[PDB]
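Novice: Here you go, one structure.
Quick reminder, even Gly has a Cβ in these numbers, built from the backbone with ideal geometry, and neighbours come from all protein chains shown. What follows is calculated from the coordinates using simple rules that are stated; it is not laboratory data.
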Amino acid sequence: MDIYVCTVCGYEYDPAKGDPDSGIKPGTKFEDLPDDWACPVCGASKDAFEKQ
Ligand SMILES: [Fe+3]
């Protein structure tokens, strides 16, 4: 289960934590984020993330 990192700002999307503020429950894999999901810290698109 992969952590993904925002190439713009360095925020880490952690699947074990999800992103409740965006309606993403804990345990949601990166692949299951919608394409309109954005980095909570900098606003960059999901497609700006890379696998850590
Ligand atoms: Fe970011």
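Novice: Could you grab the pairs with beta carbons closer than 9 Å, sequence gap of 6+ or different chains, first residue in the range 1-24 and within 16 Å of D35 (Cα to Cα), second one of a type in the set (V, I, T) and within 11 Å of the ligand (Cβ to nearest atom)?
Specialist: Listed by first residue and then by second, the contacts come to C6/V41; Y13/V5.
Novice: Here's something else I'd like to know. How many residues are surrounded by 14 or more Cβ atoms within 10 Å (Cβ to Cβ), within 14 Å of the ligand (Cβ to nearest atom) and part of a loop (DSSP other than H, G, I, E, B) if we restrict to the range 1-18?
Specialist: Of the residues in the range 1-18, 4 are surrounded by 14 or more Cβ atoms within 10 Å (Cβ to Cβ), within 14 Å of the ligand (Cβ to nearest atom) and part of a loop (DSSP other than H, G, I, E, B).
Novice: Moving to a separate point now. Which one is surrounded by the most Cβ atoms within 10 Å (Cβ to Cβ) among residues in the range 19-52 that are part of a loop (DSSP other than H, G, I, E, B) and within 12 Å of the ligand (Cβ to nearest atom)?
Specialist: Looking at residues that are part of a loop (DSSP other than H, G, I, E, B) and within 12 Å of the ligand (Cβ to nearest atom), I get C39.
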